[PDB]
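Engineer: Sequence below, structure please.
(chains A, B and C)
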Amino acid sequence: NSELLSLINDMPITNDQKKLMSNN
Amino acid sequence: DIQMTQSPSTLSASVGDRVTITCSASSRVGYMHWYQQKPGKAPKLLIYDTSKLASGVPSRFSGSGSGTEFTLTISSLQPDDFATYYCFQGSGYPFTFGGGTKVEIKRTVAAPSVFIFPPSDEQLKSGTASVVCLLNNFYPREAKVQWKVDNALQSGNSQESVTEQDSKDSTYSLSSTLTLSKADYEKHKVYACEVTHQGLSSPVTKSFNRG
Amino acid sequence: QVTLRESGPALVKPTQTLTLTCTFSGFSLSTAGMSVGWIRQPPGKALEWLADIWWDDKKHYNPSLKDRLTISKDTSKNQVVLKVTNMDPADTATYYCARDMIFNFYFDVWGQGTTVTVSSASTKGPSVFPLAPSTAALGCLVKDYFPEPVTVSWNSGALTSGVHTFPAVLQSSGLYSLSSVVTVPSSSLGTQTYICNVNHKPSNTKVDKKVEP
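Structural biologist: Residues are numbered from 1 along each chain as shown, chains lettered A, B, ... in the order given. Sure, structure below:
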């Protein structure tokens, strides 16, 4: 999901949290 | 920002030894990553996500740690492992690497094959004479090479370049260049290179008579 | 396989701007999750991250080298460009580009790197002399060039074993010099031909010298 990712990236969180949410 | 302290900074171990490298971050981190780098080559990813083996990486390598303390461990060290190792964090900006750890491989003593090269005819036309002494495939890295022109020890007119450890036989190779002007060169007869190394019971001397 | 090739000037005067280009293949930067980062290595120093960029045009820079950094992309040509203003001799280093993903914030694939020297000195091509044989050793003397680096190969890369290429040394002239040697069967001399392939991109110089007894 290109859009689900671009959302996670836009969020204000630590890189670990983005990585956590994008892998999961 | 997040800094990384790596130890040891240097290391020497025999093939088969267990080797452990430590990285300690100034602040808490989610994952630690590790890079292997060969001389004049680009870094390759060894371990990612703290303990995950990158593709094409021998299970010989392994990772472990959490918070601010992580370690990389090479179970049974091998010749091809000569490299500089770096930890890497991407948990926060800026991204940072550790100072690095240099791994050398202890092997059995080996004596240098010594060669000598008189200046080429092509160089002698440009007006300079470079005499080259080559020590091939030796260990340990320590080696003394003295130049003698007509039995006169030379100083301040030579340079040495030593190779990076071999990734197969774990040996070093060295070159010693004596540089003279064509004029000074043709002023002398015998050019000799005297080598002293641990694998040599007595100093080896290679030489040649000008022309 | 994903590949990356950095390109840019080998030599650049102080205060001048460095413009690096990363051309890649195997993946697209317009793909979600994809990123490209730049990393450099000063002589005898550890690796330093510089900057990166993402498919959504998000950019990051290393505060140490701020505000001298400018990163941009062009997905059309599959390339990323990094600019460094006001260059200093201490900026002399090898520069790498590398792929990154948000699934994994590390650099899984790297370019081979390109070398940048900051100096007021001018470029000079090397002279390539034969080190003639007389197991037997032989090689080429690559003398008096600036700046780094120069690559040496043999028989176009066909001969690779026994080959030792020495780290360049800095002569008192301010010019670099280095040697490349190879050990070969004493018997293959005179029958087997050996050619050293010298390359000095910084001066667009290419030399192929035949070494013989």
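Engineer: Name the residues linked to the nearest residue to residue B:93 once chain neighbours are set aside by a beta bridge.
Structural biologist: Closest residue to residue B:93 apart from its sequence neighbours, by C-beta to C-beta, 6 or more residues apart in numbering or on different chains: residue C:60 at 5.5 Å. C-beta: built from backbone N, CA, C; applies to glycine. Residue C:60 has these beta-bridge partners by DSSP bridges: residue C:52.
Engineer: right, and residue C:60 touches residue C:66 too?
Structural biologist: No - using C-beta atoms under 8 Å, residue C:60 is not in contact with residue C:66; the gap is 10.7 Å.
Engineer: Which one's more surrounded, these two?
Structural biologist: More crowded of residue C:60 and residue C:66, by other C-beta atoms under 10 Å in any protein chain shown: residue C:60, with 17 against 10.
Engineer: now the more buried one: how far from residue B:92?
Structural biologist: 11 Å (C-beta to C-beta, to the nearest Å).
Engineer: Residue B:23 now?
Structural biologist: 15 Å.
Engineer: Of those two, give the one with the bigger neighbour count.
Structural biologist: residue B:23 (27 against 18).
Engineer: dump the residue contacts of the more buried one.
Structural biologist: B:4-6, B:32, B:65, B:69-72, B:87, B:98 (C-beta atoms under 8 Å, 6 or more residues apart in numbering or on different chains).
Engineer: just residue B:184 next, same as before
Structural biologist: residue B:129.
Engineer: Assign it to helix, strand or coil.
Structural biologist: helix (DSSP: H, G, I helix; E, B strand; the rest coil).
Engineer: Counting neighbours, what do you get for residue 24?
Structural biologist: No chain was given, so I picked chain A. Counted with other C-beta under 10 Å, residues neighbouring residue A:24 total 6.
Engineer: think we crossed wires, I meant chain C
Structural biologist: Residues lying near residue C:24 (other C-beta under 10 Å) number 21.
Engineer: Just give the nearest non-adjacent residue to residue B:210, would you?
Structural biologist: Counting by C-beta to C-beta, 6+ apart, residue B:189 is the residue found nearest to residue B:210 once chain neighbours are left out, at 5.5 Å.
Engineer: And for residue B:122?
Structural biologist: Using C-beta to C-beta, 6+ apart, the nearest residue to residue B:122 is residue C:129, at 5.4 Å.
Engineer: I'd say that neighbour and residue C:144 touch.
Structural biologist: No - counting by C-beta under 8 Å, residue C:129 sits too far from residue C:144 to count as a contact (10.3 Å).
Engineer: okay, the longest strand seen in chain B in PDB with CA atoms only?
Structural biologist: Criterion DSSP state E: the longest strand present in chain B is strand B:61-74. Included here for strand B:61-74 are C-alpha records, laid out as PDB according to Å, rounded to 0.1, in the frame of the first residue of the first chain:
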ATOM      1  CA  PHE B  61      28.200 -14.100  12.000                       C
ATOM      2  CA  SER B  62      25.600 -13.200  14.600                       C
ATOM      3  CA  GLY B  63      24.100 -10.300  16.400                       C
ATOM      4  CA  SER B  64      22.700  -9.500  19.800                       C
ATOM      5  CA  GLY B  65      21.800  -6.600  22.100                       C
ATOM      6  CA  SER B  66      19.200  -4.000  23.100                       C
ATOM      7  CA  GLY B  67      18.800  -0.500  24.500                       C
ATOM      8  CA  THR B  68      22.200   1.000  24.300                       C
ATOM      9  CA  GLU B  69      24.400  -2.100  24.200                       C
ATOM     10  CA  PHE B  70      24.900  -4.300  21.100                       C
ATOM     11  CA  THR B  71      27.500  -6.800  20.100                       C
ATOM     12  CA  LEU B  72      28.500  -8.500  16.800                       C
ATOM     13  CA  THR B  73      30.100 -11.900  17.100                       C
ATOM     14  CA  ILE B  74      32.100 -13.900  14.600                       C
END
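Engineer: could you say what helices and strands whichever helix or strand comes after it packs with?
Structural biologist: Going down the chain from strand B:61-74, the next helix or strand is strand B:83-89, by DSSP states H and E. Judged by 3 or more C-beta pairs under 8 Å, 6 or more residues apart in numbering or on different chains; DSSP states H and E, the packing partners of strand B:83-89 are strand B:4-7, strand B:19-29, strand B:33-37, strand B:61-74, strand B:96-97, strand B:101-106.
Engineer: Check the offset of strand B:83-89 from the chain's centre.
Structural biologist: Distance of strand B:83-89 from the chain centroid (C-alpha atoms, centre = their mean, to the nearest Å) equals 17 Å.
Engineer: What of stretch B:39-53?
Structural biologist: The answer for stretch B:39-53 is 20 Å, by C-alpha atoms, centre = their mean.
Engineer: One more: stretch B:63-82?
Structural biologist: 20 Å.
Engineer: For it, buried residues please.
Structural biologist: B:63, B:65, B:68, B:70-72, B:74, B:77-78, B:81-82 (16 or more other C-beta atoms under 10 Å in any protein chain shown).
Engineer: Redo these as JSON lines? Include distance to residue B:38.
Structural biologist: Formatted as JSON lines, these follow (distance: C-beta to C-beta, whole Å):
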{"residue": "B:63", "distance to residue B:38": "20"}
{"residue": "B:65", "distance to residue B:38": "25"}
{"residue": "B:68", "distance to residue B:38": "29"}
{"residue": "B:70", "distance to residue B:38": "22"}
{"residue": "B:71", "distance to residue B:38": "22"}
{"residue": "B:72", "distance to residue B:38": "16"}
{"residue": "B:74", "distance to residue B:38": "15"}
{"residue": "B:77", "distance to residue B:38": "15"}
{"residue": "B:78", "distance to residue B:38": "14"}
{"residue": "B:81", "distance to residue B:38": "10"}
{"residue": "B:82", "distance to residue B:38": "8"}
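Engineer: Strands of chain A, start to end?
Structural biologist: Going by DSSP E, chain A shows no strands.
Engineer: so how far is residue A:2 from the spatially most central residue of it?
Structural biologist: In chain A, the residue lying closest to the centroid (C-alpha atoms, centre = their mean) is residue A:8, at 3.0 Å. Using C-beta to C-beta, one gets 11 Å for the distance from residue A:8 to residue A:2.
Engineer: and what of residue C:1?
Structural biologist: 23 Å.
Engineer: now the contacts of residue B:23 in JSON lines, with distance to residue B:19?
Structural biologist: Listed next are the contacts of residue B:23 as JSON lines, based on distance: C-beta to C-beta, whole Å:
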{"residue": "B:4", "distance to residue B:19": "19"}
{"residue": "B:5", "distance to residue B:19": "18"}
{"residue": "B:6", "distance to residue B:19": "13"}
{"residue": "B:32", "distance to residue B:19": "17"}
{"residue": "B:65", "distance to residue B:19": "16"}
{"residue": "B:69", "distance to residue B:19": "17"}
{"residue": "B:70", "distance to residue B:19": "15"}
{"residue": "B:71", "distance to residue B:19": "10"}
{"residue": "B:72", "distance to residue B:19": "9"}
{"residue": "B:87", "distance to residue B:19": "15"}
{"residue": "B:98", "distance to residue B:19": "16"}
